[PDB]
Amino acid sequence: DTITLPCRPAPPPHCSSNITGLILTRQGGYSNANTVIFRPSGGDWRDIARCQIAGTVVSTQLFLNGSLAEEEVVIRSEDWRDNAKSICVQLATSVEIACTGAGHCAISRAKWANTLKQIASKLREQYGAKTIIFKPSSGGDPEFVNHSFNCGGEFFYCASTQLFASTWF
Amino acid sequence: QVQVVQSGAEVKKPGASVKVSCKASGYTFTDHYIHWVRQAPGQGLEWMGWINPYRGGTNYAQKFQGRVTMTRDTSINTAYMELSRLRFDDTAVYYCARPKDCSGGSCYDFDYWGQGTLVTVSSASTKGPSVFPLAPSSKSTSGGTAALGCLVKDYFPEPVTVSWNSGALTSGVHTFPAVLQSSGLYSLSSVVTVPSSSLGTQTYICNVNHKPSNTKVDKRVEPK
Amino acid sequence: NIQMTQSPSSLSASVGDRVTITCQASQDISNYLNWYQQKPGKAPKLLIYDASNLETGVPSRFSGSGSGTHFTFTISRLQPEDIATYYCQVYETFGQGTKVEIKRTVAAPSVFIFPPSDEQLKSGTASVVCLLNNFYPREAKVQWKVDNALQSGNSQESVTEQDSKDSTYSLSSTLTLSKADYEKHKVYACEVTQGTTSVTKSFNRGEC
Ligand SMILES: *[C@@H]1O[C@H](CO)[C@@H](O)[C@H](O)[C@H]1NC(C)=O
Ligand SMILES: *[C@@H]1O[C@H](CO)[C@@H](O)[C@H](O)[C@H]1NC(C)=O
């Protein structure tokens with residue numbers, strides 16, 4: 001029971017990683033819905049660096065092969081009320097992403113579901129007892145609108161739409 | 001020094017789309033987000049979203065998600081806002097706004113703004129204005145000061161600009177707010193008071209610009 | 001998310017006195033409140049940022065203070081050029097704004113009347129333009145009479161923004177008739193009434 005992501009070019013199996021964190025943007029403007037919406041960051045490398053949880057691998061939207069938090073999910077932002085500040089999310093338990101060589105990298109649906117649920121709970125501590133929705137990247141250059149990463153000198157691009165499209169109540 | 005220049009006013013039909021440009025200069029384009037904020041006529045300010053020009057990321061106000069697209073071209077320091085499926089209550093002046101350096105700073109303290117772009121949503125087409133003199137004589141002279149003007153009639157959509165002697169004459173000018181006629185076309189006057197002694201000796205020209213129809217009219221206003 | 005409440009929606013003050021505007025934030029926003037001045041037809045202008053700081057080049061009679069949820073913008077001695085609408089802003093949210101207008105002494109208009117141009121008559125319409133120049137208060141009565149017959153229904157009025165220098169208003173009243181009706185009558189007059197004085201300016205259709 002997997003989330004199987006389409007990636008271009010095909011990442012070989014030894015470019016499989018552990019997802020150890022990710023970076024969000026909270027969607028702005030008024031909602032009379034009691035929802036808070038998050039998308040993969042609309043920032044850039046500077047926001048990724050500021051999280052200080054990357055390892056050696058350079059990647060967008062997801063931190064791959066980075067540091068893990070000690071007990072539970074950790075979220076941090078320079079200013080929670082400012083939708084132009086990215087939100088850093090550090091996992092306590094990593095989620096393996098296994099690439100086949102044949103053009104996809106897959107993750108366990110149940111593990112990603114439980115990850116999003118934990119993240120959503122920490123976000124609820126920060127913005128209130130609200131419904132939490134993850135929605136796809138709002139857009140950007142190819143390396144940032146995709147989950148993209150450098151493996152061994154080659155750049156890979158995984159559509160992350162499946163990872164960020166769900167409601168958490 | 002820092003400049004932010006927007007494209008000109010437009011009319012668009014309901015359901016159609018508009019793309020407004022915002023060209024910046026005099027600073028590092030990729031170092032500041034560009035935000036769009038719009039103002040319906042005689043209403044407040046309404047934020048639409050931001051674009052990160054470094055890598056193209058965006059964050060749109062929820063009420064415009066699915067209807068707006070923000071892009072940029074770094075090679076010419078230009079940001080764009082494209083709003084689609086226009087409804088009537090999208091008629092408004094659209095501003096781009098540039099905050100102070102977004103790192104450390106809020107990225108919401110808007111230092112510099114563009115001049116704005118009036119987008120009118122309507123089915124009627126553009127119509128350049130007819131310009132008529134409001135000539136000075138001894139009859140428009142009260143105590144050695146004479147009044148003269150230009151009637152700027154039958155145009156659409158807003159706006160027009162009016163200057164006198166290509167902007168060399170500014171004092172005394174009153175360009176009135178446009179009024180919508182029962183024809184659906186706009187009309188206004190711009191007037192100025194000058195000394196009567198100058199009437200025979202200084203020439204007076206009003207310069208009407210209607211960007212929506214790409215028409216500029218210069219009318220020499222001669223004394224009667 | 002973060003609501004704002006800006007007070008009052010409009011105020012009227014004499015030159016030189018102190019003007020205070022409040023903005024109440026829905027939740028603790030620290031000191032991240034900005035204050036903008038917007039003149040008619042112009043982009044907003046940043047005056048106060050991060051609730052206290054004076055934007056460079058802003059005159060020092062503009063101050064802001066406050067923290068948490070209650071913020072204050074004040075003009076120490078209102079100047080004539082300070083007519084505007086003022087907005088606080090917290091992140092993407094703008095307050096409702098405050099239109100400050102000036103109170104001053106009564107000023108009587110200079111009144112002028114313009115017959116249709118010869119050019120416009122060719123085209124088949126007549127537009128006769130009555131100007132009330134630099135008066136106060138805004139409230140004025142303008143009536144049109146052709147051959148002493150009150151018109152009532154074929155004129156339109158337009159009023160400037162309050163002048164940034166002398167706090168006066170200017171007004172235009174335009175009477176529009178077809179070339180046919182215009183040539184049917186001789187005396188064209190606009191009657192301008194400001195409180196126990198009516199000034200009537202007029203012309204005879206042919207003369208100049
Ligand atoms: C992440 O770590 C695994 C295990 O060490 C390694 O095989 C893989 O290449 C790394 N990912 C990238 C993108 O280099
Ligand atoms: C992920 O981490 C586990 C240990 O937590 C390790 O056994 C596994 O090989 C890692 N997977 C990848 C793809 O690096």
Side-chain angles (χ1 to χ4, degrees), chain A residues 1-25 38-76 86-123 134 136-166 168, chain B residues 52 54-57:
Chain A
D1 187 9
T2 79
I3 306 168
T4 300
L5 312 169
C7 308
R8 299 151 309 273
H14 64 72
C15 295
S16 302
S17 310
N18 272 312
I19 300 162
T20 49
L22 49 81
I23 186 151
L24 304 173
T25 292
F38 308 82
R39 311 180 176 262
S41 173
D44 52 68
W45 295 121
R46 309 179 296 231
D47 305 72
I48 286 171
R50 290 203 164 187
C51 294
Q52 301 142 60
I53 59 180
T56 309
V57 168
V58 182
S59 70
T60 64
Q61 311 194 348
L62 308 177
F63 290 103
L64 301 184
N65 293 353
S67 65
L68 293 162
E70 174 154 86
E71 290 290 334
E72 51 207 20
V73 175
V74 175
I75 59 175
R76 319 261 293 235
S86 275
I87 304 182
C88 300
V89 174
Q90 194 195 22
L91 306 189
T93 88
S94 66
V95 177
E96 186 173 285
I97 165 165
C99 298
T100 62
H104 313 74
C105 307
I107 285 152
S108 157
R109 193 217 101 261
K111 269 293 286 283
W112 192 245
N114 192 263
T115 294
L116 290 183
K117 175 170 218 59
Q118 274 175 81
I119 296 169
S121 183
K122 289 289 159 181
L123 294 171
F134 301 93
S137 170
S138 191
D141 294 353
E143 298 77 24
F144 287 79
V145 65
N146 300 289
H147 165 50
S148 89
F149 62 93
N150 189 331
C151 180
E154 291 163 15
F155 250 93
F156 297 93
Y157 303 85
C158 293
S160 69
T161 199
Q162 294 152 271
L163 296 188
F164 299 107
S166 59
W168 297 89
Chain B
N52 166 39
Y54 190 17
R55 299 285 182 210

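Side chains are part of it too, since the values below use all heavy atoms of this structure and drop only hydrogens, waters and symmetry mates. Sequence lines set the chain letters: A, B, ... in the order given, protein chains first and strands last, and positions in each chain run from 1. Order of appearance sets the numbers: ligands from 1, and atoms from 1 within every ligand.
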Could you tell me which residues satisfy side chain to side chain contact (heavy atoms under 4.5 Å, CB included) with A/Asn114, sequence neighbours excluded, listed by chain and number?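 Testing A/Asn114 for side chain to side chain contact (heavy atoms under 4.5 Å, CB included), a comparison that skips the adjacent residues, returns A/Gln118.
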If you count only heavy atoms, which residues are under 4.0 Å from ligand 1?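 Shell around ligand 1 (4.0 Å, heavy atoms): A/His14, A/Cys15, A/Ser16, A/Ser17, A/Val57, A/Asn65, A/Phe149, A/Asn150, A/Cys151.
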Tell me whether A/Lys111 is salt-bridged to A/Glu96, with the criterion being a basic N under 4.0 Å from an acidic carboxylate O.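 Salt bridge flag = no for A/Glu96 with A/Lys111.
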Could you check whether the rings of A/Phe134 and A/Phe38 sit parallel, tilted or perpendicular, using 30° and 60° as the cut-offs?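 Tilted: the ring planes of A/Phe134 and A/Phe38 meet at 30° to 60°.
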Answer yes or no: is the gap between the SG atoms of A/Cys15 and A/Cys151 smaller than 2.5 Å?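 A disulfide, yes.
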A/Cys7-A/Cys105 sulfur separation below 2.5 Å?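 In this structure, A/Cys7 and A/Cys105 share no disulfide.
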Answer yes or no: is there a donor N or O on one side and an acceptor on the other, between the side chain of B/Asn52 and the main chain of B/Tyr54, under 3.5 Å?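 Checked: pair present.
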